[PDB]
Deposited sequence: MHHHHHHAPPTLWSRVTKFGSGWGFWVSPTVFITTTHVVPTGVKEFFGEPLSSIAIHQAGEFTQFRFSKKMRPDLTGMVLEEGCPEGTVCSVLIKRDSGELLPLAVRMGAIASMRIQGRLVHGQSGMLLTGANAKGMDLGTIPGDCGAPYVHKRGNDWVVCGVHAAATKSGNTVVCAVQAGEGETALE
């Protein structure tokens, strides 16, 4: 069961969502990031440290933005066959954690954009507004994040998270 604090890390952002991995580190999907604006979470762009690639975007802020959070481990994808949870929040407030069996890490063409990502089979679907939602699994006690929601197949039964370098 994902605890409340873990859900409180999922945060609206641009056209979708992102995830506070630590008090200073926030992750999302590159394409949900809102273009042509000058500040994120009240800080000016000049004060944030961005690493973007493969549709996976990483923000490192100067100050603690979520002092209340304990840092958790951010992997590059997760082992094949790992059953993950996608911590989806809807605009309405509803929480919808989705179980997903993860397949392999692969480069992928998706609408002309190159995506470093990991496919997964759903075990209830996702929707266009869900990009940026974290993929997580419990590794004993600590919770591990391995990706952010980025795409779904025609049917909607297979999904894809962008993963780090």
property: In sequence order, the deposited-sequence ranges that have no modelled C-alpha atom; result: 1-6, 130-138, 181-188
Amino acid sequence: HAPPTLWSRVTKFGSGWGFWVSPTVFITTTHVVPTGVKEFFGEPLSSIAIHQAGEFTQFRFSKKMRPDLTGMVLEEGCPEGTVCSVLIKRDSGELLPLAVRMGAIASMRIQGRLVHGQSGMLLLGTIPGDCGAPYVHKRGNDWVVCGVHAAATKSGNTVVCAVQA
From here on, numbers count along this sequence of modelled residues.
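The term rigid core refers to the most C-alpha atoms you can superpose between the two forms while keeping them within 1.5 Å.
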{"query": "In 8 other deposited structures of this protein, rigid core aligned: more displaced of 146-154 and 19-27 by C-alpha RMS", "finding": "146-154"}
{"query": "Between 13-21 and 139-147 (mean CA B-factor, as deposited), the higher", "finding": "139-147"}
{"query": "Per the entry, higher mean C-alpha B factor between 102-110 and 129-137", "finding": "102-110"}
{"query": "Options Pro34, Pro67, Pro97, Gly117 - largest CA temperature factor per the record", "finding": "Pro34"}
{"query": "Relative C-alpha B-factor of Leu6, binned into the chain's lowest, middle or highest third", "finding": "lowest"}
{"query": "Third assignment of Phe40 from its chain's C-alpha B-factors", "finding": "highest"}
{"query": "Relative C-alpha B-factor of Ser62, binned into the chain's lowest, middle or highest third", "finding": "highest"}
{"query": "Among modelled residues of the same chain, the CA temperature factor third for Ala165", "finding": "highest"}
{"query": "CA B-factor ranking of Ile27, expressed as a third of its chain", "finding": "lowest"}
